[PDB]
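Chains as they are written, first to last, in the UniProt record's numbering: chain A, 771 to 962, 989 to 1011; chain B, 771 to 963, 981 to 1011.
For each residue, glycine too, the CB sits at the ideal point set by N, CA and C.
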């Protein structure tokens, strides 16, 4: 993406009166920094989104957020179906972003520490079946990476993160004025920036990511 | 490319005792500025290379430079095949580069104006064969460009050009101190194969796929 653009288009439903939308972020390759960045940011925006948006704000039942690991590239995705105007919903997306903006400054030591312990046991948990760990390993094999001890490596990295790091994560990468903005939304309208008319013209002028040196 | 990197590798010719080399520059896409940049820079390096390298240094007979219009991306290439050590040969290539570097500041206004008029009449010509203009047009069609009046457009740009324009084109993109350096050389070995700075170390290219494994790809052109 051209590092700053926010592109979008629309799709009209036939059967359901509910509207869908999904917002996507090209972050970076799976480096050890970016894994921590995205996982910890996703989990720290996971539970207050559940507390506010779905529970407190009662927007709708189909509300999803989270990671996207594909082509050796990390990603961040949000899946919300409700019956709304899509730009109305965007406004409440940006409202949750401002909610996180205040939640930056509202982090105590305890929220930080319990959160990274949460993330830790979230990542570090022994298997209970060969098919589980085999599916994880096969999930490496499809990315051809083989970094078998990425878990302890990234967790050892996890302690090197700070609160102030996530301010450094927010400003250039995450804010609305962001120079590193890789933001794209997709409208899936109900049954009844620039637009994205031609996916050929989409593919007509964009660069391609490098790939990962496999470990 | 990674915007500052220079890689090279070698290939050994079994039969011939001569060595080859080719040096390549990814400038940009074909914007209207870059066409005239590369044409003017190509024109200014023809005659001093003709004067010193083949004639005076007597390197060889194969000494070529020039454009690369490919994948909707313009490019600059240098084709020299002579029987020399290739890094020695690199040293005299860079010597010619420094020679041109001084020859930038040695341009008068008159040389500038007569030189761009020469390039203008070199570029501007009505065709002399129906097949000639058809090959050019077909060369657009295979590139899907269709910019039928790029000639008068480029001439209108050509009249808007300074010396300092090509200085600023030189310093960041073409000079040795360049954050926009897209330089790559290729060695073709032989059968049994006045100031030079410290060049950076390149790396050999054992697997060109694994070479391209971490290199990004260009966009394509919005067609005119």
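8 Å Cβ cutoff, residue i in contact with chain A
i              : result
residue 846/B  : no
residue 830/B  : no
residue 1004/B : yes
Any C-beta of chain B under 8 Å from that of residue i
i              : result
residue 1009/A : yes
residue 1000/A : yes
Three-state secondary structure assigned by DSSP to residue i
i              : result
residue 959/B  : strand
residue 1040/A : An answer regarding residue 1040/A cannot be provided, because it is not within the stretch 771 to 1011 covered by chain A.
residue 878/B  : coil
residue 803/A  : helix
residue 990/B  : coil
residue 940/A  : helix
residue 915/B  : coil
residue 947/A  : coil
residue 809/A  : helix
residue 798/A  : strand
residue 953/B  : strand
residue 981/B  : coil
residue 815/B  : coil
residue 792/B  : strand
residue 774/A  : coil
Cα-Cα separation, residue i to residue j
i              : j              : result
residue 911/A  : residue 822/B  : 57 Å
residue 895/B  : residue 829/B  : 34 Å
residue 960/B  : residue 945/B  : 30 Å
residue 997/B  : residue 772/A  : 25 Å
residue 993/B  : residue 795/B  : 21 Å
residue 924/B  : residue 917/B  : 11 Å
residue 958/A  : residue 784/A  : 10 Å
residue 820/A  : residue 952/A  : 25 Å
residue 922/B  : residue 861/B  : 39 Å
residue 905/A  : residue 802/A  : 21 Å
residue 967/B  : residue 782/B  : Residues lacking coordinates in chain B include everything strictly between 963 and 981, among them residue 967/B.
residue 880/B  : residue 854/B  : 37 Å
residue 804/A  : residue 947/B  : 32 Å
residue 975/A  : residue 817/B  : For residue 975/A, nothing is modelled; it lies in the interval where chain A passes from 962 to 989 with no residues in between.
residue 943/B  : residue 841/A  : 32 Å
residue 990/B  : residue 857/B  : 14 Å
residue 902/B  : residue 777/B  : 38 Å
residue 956/B  : residue 780/B  : 6 Å
residue 878/B  : residue 844/B  : 28 Å
residue 799/A  : residue 1008/A : 7 Å
residue 1018/B : residue 920/B  : Within the shown structure, residues of chain B are numbered from 771 to 1011, placing residue 1018/B beyond reach of any answer.
residue 831/A  : residue 873/A  : 24 Å
residue 963/B  : residue 786/B  : 10 Å
residue 897/B  : residue 846/A  : 56 Å
residue 907/A  : residue 1010/A : 14 Å
residue 864/A  : residue 813/B  : 55 Å
Practice prompt. Report yes or no: do the segment 921-939 of chain B and the segment 996-1003 of chain A share at least 3 C-beta pairs separated by less than 8 Å?
Written response: no
Worksheet item: Should the segment 848-863 of chain A be regarded as contacting the segment 786-804 of chain A, the criterion being three or more beta carbon pairs within less than 8 Å?
Response: yes
Worksheet item: Is the segment 981-990 of chain B touching the segment 861-870 of chain B, taking contact as three or more C-beta pairs under 8 Å?
Response: yes
Discussion item. Going residue by residue through the segment 834-908 of chain A, where are the continuous beta strand (DSSP E) segments of at least 3 residues, counting only ones entirely within it?
Written reply: 843-852
Worksheet item: Do the segment 875-892 of chain B and the segment 920-932 of chain B touch if we need at least three Cβ pairs shorter than 8 Å?
Response: yes
Fill in: At least 3 beta-carbon pairs within less than 8 Å: the segment 802-819 of chain A vs the segment 831-850 of chain A
yes
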